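No Cβ is skipped: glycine too gets one built from the backbone with ideal geometry, and neighbour counts run over all protein chains shown. Only the coordinates and a few stated rules stand behind these numbers; no lab work does.
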Amino acid sequence: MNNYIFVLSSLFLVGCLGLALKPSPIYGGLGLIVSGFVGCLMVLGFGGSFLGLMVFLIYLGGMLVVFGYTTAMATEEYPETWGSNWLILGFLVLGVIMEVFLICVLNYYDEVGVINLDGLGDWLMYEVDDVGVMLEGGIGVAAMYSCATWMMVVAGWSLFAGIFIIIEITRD
Amino acid sequence: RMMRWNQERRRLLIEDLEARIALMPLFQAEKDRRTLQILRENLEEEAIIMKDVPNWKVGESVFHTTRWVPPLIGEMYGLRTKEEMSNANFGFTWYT
Amino acid sequence: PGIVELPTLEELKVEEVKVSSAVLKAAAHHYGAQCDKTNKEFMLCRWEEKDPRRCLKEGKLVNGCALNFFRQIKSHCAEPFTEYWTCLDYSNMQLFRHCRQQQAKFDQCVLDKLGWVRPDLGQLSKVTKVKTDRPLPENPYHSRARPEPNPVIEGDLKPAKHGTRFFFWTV
Amino acid sequence: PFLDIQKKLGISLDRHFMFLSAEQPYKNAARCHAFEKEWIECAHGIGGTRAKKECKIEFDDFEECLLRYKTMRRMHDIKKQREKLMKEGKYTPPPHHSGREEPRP
Amino acid sequence: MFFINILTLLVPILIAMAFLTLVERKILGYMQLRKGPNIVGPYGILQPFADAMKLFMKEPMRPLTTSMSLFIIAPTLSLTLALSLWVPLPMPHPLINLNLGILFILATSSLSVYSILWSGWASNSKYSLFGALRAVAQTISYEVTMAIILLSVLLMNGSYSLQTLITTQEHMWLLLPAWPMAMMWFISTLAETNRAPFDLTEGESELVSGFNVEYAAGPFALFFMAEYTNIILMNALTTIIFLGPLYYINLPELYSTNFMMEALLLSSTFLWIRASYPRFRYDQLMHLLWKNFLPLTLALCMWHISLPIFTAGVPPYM
Amino acid sequence: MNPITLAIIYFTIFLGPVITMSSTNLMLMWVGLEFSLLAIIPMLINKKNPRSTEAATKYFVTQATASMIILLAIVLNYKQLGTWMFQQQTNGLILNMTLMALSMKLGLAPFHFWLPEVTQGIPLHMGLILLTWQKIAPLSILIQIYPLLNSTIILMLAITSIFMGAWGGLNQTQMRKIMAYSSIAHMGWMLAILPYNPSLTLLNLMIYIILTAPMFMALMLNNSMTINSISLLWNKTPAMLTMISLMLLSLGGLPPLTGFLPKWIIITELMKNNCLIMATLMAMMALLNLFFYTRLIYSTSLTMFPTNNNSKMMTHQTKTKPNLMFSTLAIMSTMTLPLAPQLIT
Amino acid sequence: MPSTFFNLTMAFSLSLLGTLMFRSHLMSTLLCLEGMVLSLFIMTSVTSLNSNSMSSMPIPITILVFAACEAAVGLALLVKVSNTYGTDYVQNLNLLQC
Amino acid sequence: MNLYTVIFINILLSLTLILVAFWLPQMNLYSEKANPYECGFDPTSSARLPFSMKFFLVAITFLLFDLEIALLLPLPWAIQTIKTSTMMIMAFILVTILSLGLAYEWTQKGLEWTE
Amino acid sequence: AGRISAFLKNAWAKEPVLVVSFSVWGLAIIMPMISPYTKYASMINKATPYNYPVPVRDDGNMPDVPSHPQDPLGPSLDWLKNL
Ligand SMILES: CCCCCCCCCCCCCCCCCC(=O)OC[C@H](COP(=O)([O-])OCC[N+](C)(C)C)OC(=O)CCCCCCCCCCCCCCCCC
Ligand SMILES: CCCCCCCCCCCCCCCCCC(=O)OC[C@H](COP(=O)(O)OCCN)OC(=O)CCCCCCCCCCCCCCCCC
């Protein structure tokens, strides 16, 4: 129960490896949905739940529109999942073996202390205010409404200009 | 009705937070004393029994500032049990 | 660097309250109004001197006044306070709104005996200006020498000598 | 280049959240507020090469607070020596460190 | 004791959805001047069990042109998301108490949409592809509308929790303060559950069976269980959010009874809607939402931003 | 088009670099870069031909990848120090990734391959807007971190950009590709002088901008796309020829044109910092740049290529040339060498 | 935390390698871009939560907004590419070399 | 830990149900049974050809509006602020520009399913 | 105006959703500017005590701040009590 975040980070690494290995975009969206859920779990484990749930919802909508588009235009008669080429599977397991090799090397080389096998799960949350109200994530995202109105207005203008941009691109 | 009831709930929240404020110094004193007790027992257990390596200082800090640096969760529960460390890391988060 | 100093178990020993959170919250308002001087002295020393190792006497005084307050509560009238804090202990949030009747009986107890008045809606949540004789720490954060700034040049702004002095440009 | 319309007009669009020790939402801190405060107060007015030279003590303390490499190495050394002594049978942990302790509030 | 609590949450929900199938067939029959099943059970009460046994004793019939991994993953995903969505509901005390309960609900609903999409694409058939694309359009429209509705209603509430909704509706419902949001939320729950009028994903008339047209018995039963569990859940969420049951600290049994009565009424309302209305076109559903509900809910979201500010009725944080 | 979306898109094109150069937070610099990219894409794909679509796609994926690397550098700096600016003690790996990604944003070699591709297949005014306005925000970020840059990587990128730009402009016959390779060479000069003097790269940027604004304006006047199209300019607009030749010579760096001034002062500063090898190699490849400019001058001004019959109708009709923009910039980009101490700052 | 941050940095590196190495699919390239975006979001969120930088907590939301804007623009460009050719192939869009 | 156990129990329940569904009945598999359905005839295409959806602009607008949703969602904590005037103005501006974008797209016929 | 009234009545008959949305938008703009309770929301959020009130030293030169919570000095919340 100490290495839970490390297991999640390894799963995120595997999902990003599959996305890099580039299946058919159906399975690419699947891998990105899995990676988004895993990253949500990592953020929730590290702290406030609002950021993880936000990135989960956002990537759910994004990969849904992506699924629609890869059905519409980015498709082929035989969409390769991962086993159309044995090189893709061999490279996936090669990357997994390289990941295990590098983390074993960095555990053996414990001078810097980036990854430690004995010290894993000991330095996840550093210092927390034990007694205290209104210290969770989402209060800062609310402070975007009052303390970073410049961040709020550049995000809003980005979305507004983006509406105009996409209409003019797909005007045809 | 929502205006009146939300104002009443604001008054109730102020009452609860004032009860918390009145209980704050006792919790602060007990928390500081417990933290110092854990640090002292860690320092003694590192001091007498743990370290006989010739090049080692027992109570050596890692800062030159010579003032109080509050301890980390992994610093104060590092010598404790793994279940206690996991409770200190993921107690509030997993309690749902 | 240096060896960090921290007190021993003998000077960290104190008579702990051993009192649950629900009974603490039931007695919170009268505890906060009875000895607010001791609690504010502890908070003032704690926020002035950031070191917890130099406020242990104030913390023991906070524990002592809390113990005296609870001993007065236990001595004078105990069963309406008991039923009040158990009604608070029943709920999942210890909401004061559930058991105002037992709160009224406990307030009647502490008003008839010991003459205590429960604070109003916005009284416990303001600054206090506590008087103390402990000297003000002149160097919090253990700051270093703060090295002096650059020696700013003062004088009249004369024109540049012989113009720009850029190759063959005379002016 | 770097225009300074924020300093010229006196506004602060993005200047109050440049670093950790700067205007937390309700009243909170950022776990190295004192160290970052000391480092910035050291480096102000002498900035650049002089701040890199003669604020190295404050910067090293702040970097140690933020990254905790030396605390990790010290704790790893203590735990490694403890495990070596457990293997050699020369150490028995106390009750409070391993198992039942007396809980204080 | 916690596993016993999980059982007492999960098993009654599954029996409730099976008898929801029975109640749907009987209510539709009695609105169609006929009866429901009354032969299999004493009053038809064994009909869902007979249907379940027949579906689980028919062969699943894996097809040739089919991505088998997604074809198997999708119905199990749908059922586990339906039960996971049932987890955090308070009646009046939830099994799992979440601070961001509504956000959890939204995330799980979107993942259920992904289950439908993956089933439709994996069952490599044209009607399945049609059903998947219709699901994409439908979830676009109701997702944006539902997010705005929940934002405004929980702005009238305090945090994103649901016990806070109970304490908010302790004195009066939320239907009277925000009834247009309740109407648009009811329509959005219909769209989320893929129910009539705008089902459009299992469209029996436009398509053959939509995304289930290649799913034989077994995983088809899993999809049906997930759909009807989601029906009961959306009605339960609507009555928790808007039609607040009576809550007393001394006894919660009357809260559970009131919640049961209102959830049964809204489920019967869903069956009533199915009996009453014909189907939309799936472009007409998008036009209807994006041209009627979205501007009105944007305006009402602005109104519910302004309302606690100018009435000073800002809800507490806790 | 539509005036409302024209105003929105052009205001966002303006707003991107302004936010980047006026914001002290690296995150706000990144959102300014994002503003510039996303705003300029619909202006690129506007004619809706396959070449415009390809150019927009290439530009989008290149700038998106570079901005993602920039954001990686910003997040790693925030992890290391907790601030939102590279102050003094950041990691050299972070700084080198920042430099590499901003080089791919700018388009200098060996990240230069997309720039002639994108500039080709795009209308001339959009090529002008790209090659001038899009290169200020990454240069502003590079000027902001004026120390703490790797001079080795800077000089390698500078020398390879000048070499590849000279060779590419030597090969090309398309005018837009010629302008893109000129951009690559001048960006190489600016990047070369960047870690030693921000004033000199600002000066070279200003000289380059005021030099290639009227070049693009003169291309825009007759919609001249190729060397032959600019060659039949004596029949179309014979008054253009002297200013065209003088601006091409100034882009070549010939004295006494004011385009000699940025190369001269950059060589001076590099002499002051003892980089004679780099300065000499840069000057020789600048001579190569001047060669392909001089071939262009031979085509358009000093000889008279054959013309066709319909240019008689072109002479019959009347034209329109922008006041206060072409002639002013041409004069200031040709005959402003004796104001060199005023130009340097 | 340092092990998790190393894993997130390696995940970003893998998604960058996916972006740089094309396999016949502009949609897959956009997917790799959004994988890089997700890795950066998780890195920023974990850093802010670890350092208790609640004032800097709007930064992940800002990068998510601008990332979805760029994903929107990329999807629009992919639509135009598909309308031009009908296959969405990065090797098929190559005619600007001359 | 509790929520994790409930999630795993639901997943194991769904897996148990589909494993029962696959190992319980009798299997008789042949080619005409497992062929794709296509209403009682052989399919002309492979059901993997491009589909050419007609609401692509609405989908991209949905992406942008979903991120506007993500911006609007911290309002329940935003209304607890001490200023509340800049908060109210900022919320009004955000909702107004979102509505202006929707109105502009409606006027320019963006959400009209161009065939 | 006759044309404006006829246009509004036709819009209310034919498209009574845009009319309601624009009216609600205008009402949400106008109502905070005319309500007498607008300052009360900010004052309530100010008076809500999420943090400990840190005491100050007694130099004897400030008579405005109280010496104890049971004092007439300080920001009393009788406006919220009677609100
Ligand atoms: C959960 C609680 C219960 C909820 C209700 C449940 C029971 C009733 C169920 C009825 C059947 C529903 C089945 C599905 C029906 C689908 C069709 C449908 O509903 O379409 C939506 C229809 C659409 O109608 P339409 O599509 O025919 O409209 C024509 C539009 N054109 C021409 C462009 C196509 O109606 C709406 O969109 C209205 C939504 C609700 C509006 C509520 C407004 C309330 C008043 C606001 C304030 C007014 C005053 C202004 C200010 C004054 C200040 C002083
Ligand atoms: C068929 C395959 C299916 C795969 C997909 C499974 C989907 C599951 C259901 C949908 C989940 C959506 C995302 C939900 C995340 C959790 C929501 C949440 O808010 O969690 C936080 C919560 C505690 O937070 P809070 O409420 O703030 O409490 C603090 C004080 N009470 O609680 C926590 O902190 C608990 C954290 C863990 C909760 C999730 C556990 C998931 C376990 C992995 C499932 C998948 C495993 C892989 C596949 C297995 C084989 C098929």
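Within region A:143-172, which residues are in contact with a helix residue (DSSP H, G or I) (Cβ under 6 Å, 6 or more places away or on another chain), closer than 17 Å to H:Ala59 by Cα and not in a helix (DSSP H, G or I)?
Answer for region A:143-172, where residues must be in contact with a helix residue (DSSP H, G or I) (Cβ under 6 Å, 6 or more places away or on another chain), closer than 17 Å to H:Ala59 by Cα and not in a helix (DSSP H, G or I): just A:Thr170.
Residue-by-condition table, conditions (1) out of contact with any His (no Cβ under 9 Å at 6 or more places or on another chain); (2) crowded, with 21+ Cβ neighbours inside 10 Å:
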residue: F:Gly107; (1), (2): yes, yes
residue: F:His125; (1), (2): yes, no
residue: F:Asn150; (1), (2): yes, no
residue: F:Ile153; (1), (2): yes, no
residue: F:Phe163; (1), (2): yes, no
residue: F:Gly168; (1), (2): no, yes
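Which residue pairs have Cβ atoms under 7 Å apart, sit 6 or more places apart or on different chains, and have a first residue in region A:6-17 that is facing chain G (nearest Cβ under 8 Å) and a second that is acidic (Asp, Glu)?
The qualifying pairs are A:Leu13/A:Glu99.
I'm trying to understand the selection: among the residues of region E:204-242, which are assigned to a helix (DSSP H, G or I), away from ligand 2 (no atom under 16 Å from the Cβ) and within 13 Å of another protein chain (Cβ to nearest Cβ)? Please lay out each step first, then the result.
First pass over region E:204-242, keeping only residues assigned to a helix (DSSP H, G or I): E:210-212, E:219-241.
So of that shortlist, the ones also away from ligand 2 (no atom under 16 Å from the Cβ) come out as E:210-212, E:220-221, E:224, E:227-228, E:231-232, E:234-236, E:238-241.
Correct list: E:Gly210, E:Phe211, E:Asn212, E:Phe220, E:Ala221, E:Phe224.
Looking at this structure, is C:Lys60 in contact (Cβ under 8 Å) with a residue 40 or more places away in the chain and not aliphatic (A, V, I, L, M)?
On the way: in contact (Cβ under 8 Å) with a residue 40 or more places away in the chain: yes; not aliphatic (A, V, I, L, M): yes.
In short, yes.
Per-residue answers, yes or no, for (1) in contact with a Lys or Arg (Cβ under 9 Å, 6 or more places away or on another chain); (2) over 25 Å from A:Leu51 (Cα atoms); (3) not polar (S, T, N, Q):
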position: G:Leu14; (1), (2), (3): no, no, yes
position: G:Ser53; (1), (2), (3): yes, no, no
position: G:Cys69; (1), (2), (3): no, no, yes
position: G:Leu78; (1), (2), (3): no, yes, yes
position: G:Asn92; (1), (2), (3): no, yes, no
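Looking only at helices (runs of 4 or more DSSP H) that fall completely inside region D:7-105, which ones have 3 or more residues that are at the interface with another protein chain (Cβ under 8 Å from one of its Cβ atoms) and of a type outside the set (D, E, K, R)? Reasoning before the result, please.
Details: elements: D:33-43, D:49-54, D:56-67, D:69-88.
Those helices (runs of 4 or more DSSP H) span D:33-43, D:56-67, D:69-88.
Given the condition within 18 Å of E:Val113 (Cβ to Cβ) and either within 16 Å of ligand 2 (Cβ to nearest atom) or of a type in the set (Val, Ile, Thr) (or both), answer yes or no: does some residue in region E:243-266 qualify? Full working, then the answer.
Here is the first cut: in region E:243-266, the ones within 18 Å of E:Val113 (Cβ to Cβ) are none.
No; the residues of region E:243-266 include none that is within 18 Å of E:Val113 (Cβ to Cβ) and either within 16 Å of ligand 2 (Cβ to nearest atom) or of a type in the set (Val, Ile, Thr) (or both).
To keep it simple, each residue is scored yes or no on (1) surrounded by fewer than 22 Cβ atoms within 10 Å (Cβ to Cβ); (2) within 30 Å of D:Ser21 (Cβ to Cβ).
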| position | (1), (2) |
| --- | --- |
| F:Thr24 | yes, yes |
| F:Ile40 | no, no |
| F:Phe60 | no, no |
| F:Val75 | no, yes |
| F:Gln80 | yes, yes |
| F:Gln87 | yes, yes |
| F:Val118 | no, no |
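Under 6 Å between Cβ atoms, at least 6 apart or on separate chains: pull out the pairs that start in region E:267-284 with a residue that is within 14 Å of chain H (Cβ to nearest Cβ) and end on any residue that is within 16 Å of ligand 2 (Cβ to nearest atom).
Note: no pairs meet the criteria.
Tell me yes or no: at least one residue of region E:254-263 is more than 14 Å from every other protein chain (Cβ to nearest Cβ), aliphatic (A, V, I, L, M), within 11 Å of ligand 1 (Cβ to nearest atom) and within 27 Å of E:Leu28 (Cα to Cα).
No, that holds for no residue.
Looking at region B:5-20, is at least one residue within 23 Å of C:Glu16 (Cβ to Cβ), more than 7 Å from every other protein chain (Cβ to nearest Cβ) and among the hydrophobic types (A, V, I, L, M, F, W, C)?
no
Within region I:67-77, is even one residue more than 9 Å from every other protein chain (Cβ to nearest Cβ) and either under 30 Å from C:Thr128 (Cβ atoms) or surrounded by 12 or more Cβ atoms within 10 Å (Cβ to Cβ) (or both)? So that I can check it myself, show each step before the final result.
If we filter region I:67-77 for residues that are more than 9 Å from every other protein chain (Cβ to nearest Cβ), which is where we start, we get I:72.
Within this subset, residues satisfying the condition of being either under 30 Å from C:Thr128 (Cβ atoms) or surrounded by 12 or more Cβ atoms within 10 Å (Cβ to Cβ) (or both) are I:72.
Checking region I:67-77: at least one residue is more than 9 Å from every other protein chain (Cβ to nearest Cβ) and either under 30 Å from C:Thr128 (Cβ atoms) or surrounded by 12 or more Cβ atoms within 10 Å (Cβ to Cβ) (or both).
With (1) buried (at least 16 other Cβ atoms within 10 Å of the Cβ); (2) under 25 Å from C:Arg118 (Cα atoms) as the list, and I:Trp25 as the residue in question, which single condition is left unmet?
That leaves (2) as the condition not met.
Would you point out which residue out of A:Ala74, A:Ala155 is among the hydrophobic types (A, V, I, L, M, F, W, C) and touching an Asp or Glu at 6+ places or on another chain (Cβ under 6 Å)?
On the way: A:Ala155 fails: touching an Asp or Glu at 6+ places or on another chain (Cβ under 6 Å).
Of A:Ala74, A:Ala155, the one residue that is among the hydrophobic types (A, V, I, L, M, F, W, C) and touching an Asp or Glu at 6+ places or on another chain (Cβ under 6 Å) is A:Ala74.
Is there any pair with a first residue in region I:13-29 that is within 9 Å of ligand 1 (Cβ to nearest atom) and a second that is among the polar types (S, T, N, Q) whose Cβ atoms are under 6 Å apart and which are 6 or more apart or on different chains, and what are they?
If the second residue must be among the polar types (S, T, N, Q), the pairs left are I:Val17/E:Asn292.
Kindly evaluate C:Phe81 against the criterion of being crowded, with 18+ Cβ neighbours inside 10 Å, farther than 12 Å from B:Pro25 by Cα and of a type outside the set (A, V, I, L, M). Give the derivation first.
Values: crowded, with 18+ Cβ neighbours inside 10 Å: yes; farther than 12 Å from B:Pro25 by Cα: yes; of a type outside the set (A, V, I, L, M): yes.
Taking the combined requirement at face value, the residue satisfies it.
If you take the residues of region E:64-75 that are free of Cβ contacts under 8 Å to residues at least 60 places away in the same chain and outside any helix (DSSP H, G or I), which of them is nearest to ligand 1 (Cβ to nearest atom)?
E:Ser67
Can you confirm whether A:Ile88 is within 8 Å of chain G (Cβ to nearest Cβ), hydrophobic (A, V, I, L, M, F, W, C) and crowded, with 17+ Cβ neighbours inside 10 Å?
Details: within 8 Å of chain G (Cβ to nearest Cβ): no; hydrophobic (A, V, I, L, M, F, W, C): yes; crowded, with 17+ Cβ neighbours inside 10 Å: yes.
No: the conditions fail for A:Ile88.
Could you list all residues from region D:23-45 that are of a type in the set (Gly, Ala, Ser), within 16 Å of the chain's Cα centre (by Cα) and crowded, with 20+ Cβ neighbours inside 10 Å?
Start the filter on region D:23-45 by keeping residues that are of a type in the set (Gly, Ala, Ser), which leaves D:29-30, D:34, D:43, D:45.
From what's left, within 16 Å of the chain's Cα centre (by Cα): D:29-30, D:34.
Across region D:23-45, the qualifying residues are D:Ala30, D:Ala34.
Hand me the list of helices (runs of 4 or more DSSP H) wholly inside region F:12-129 holding 2 or more residues that are closer than 27 Å to A:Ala148 by Cα. So that I can check it myself, show each step before the final result.
Numbers: elements: F:26-44, F:50-81, F:92-106, F:114-119.
Filter on region F:12-129 gives F:26-44, F:50-81, F:92-106.
May I ask you to list the residues in region I:46-66 that are within 29 Å of E:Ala312 (Cα to Cα) and at the interface with chain C (Cβ under 8 Å from one of its Cβ atoms)?
Restricting attention to region I:46-66, the residues satisfying the condition of being within 29 Å of E:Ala312 (Cα to Cα) are I:46-54, I:64-66.
Listed by number, the residues that qualify are I:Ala47, I:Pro49, I:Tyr52, I:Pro53, I:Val54, I:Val65, I:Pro66.
Given the options E:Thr189, E:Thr164, name the one that is within 16 Å of ligand 2 (Cβ to nearest atom) and under 22 Å from the mean Cα position of the chain (by Cα).
Working: E:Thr189 fails: within 16 Å of ligand 2 (Cβ to nearest atom).
Answer to the selection: E:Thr164.
So how many residues does region F:307-326 have that are in a loop (DSSP other than H, G, I, E, B) and in contact (Cβ under 8 Å) with a residue 60 or more places away in the chain?
Looking only at region F:307-326, we keep the residues that are in a loop (DSSP other than H, G, I, E, B), and these are F:307-310, F:317-325.
Now restrict to residues that are in contact (Cβ under 8 Å) with a residue 60 or more places away in the chain: F:307-308, F:319, F:321-322, F:325.
Qualifying residue count for the region: 6.
Tell me, which helices (runs of 4 or more DSSP H) lie completely within region E:76-182 with 3 or more residues that are at the interface with another protein chain (Cβ under 7 Å from one of its Cβ atoms), away from ligand 1 (no atom under 16 Å from the Cβ) and in contact (Cβ under 8 Å) with a residue 24 or more places away in the chain?
Values: elements: E:101-122, E:126-156, E:163-168.
Of the helices (runs of 4 or more DSSP H) lying wholly inside region E:76-182, those with at least 3 residues that are at the interface with another protein chain (Cβ under 7 Å from one of its Cβ atoms), away from ligand 1 (no atom under 16 Å from the Cβ) and in contact (Cβ under 8 Å) with a residue 24 or more places away in the chain span E:101-122, E:126-156.
If you take the residues of region E:183-203 that are over 13 Å from E:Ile273 (Cβ atoms) and part of a helix (DSSP H, G or I), which of them is farthest from ligand 1 (Cβ to nearest atom)?
Here the residue is E:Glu192.
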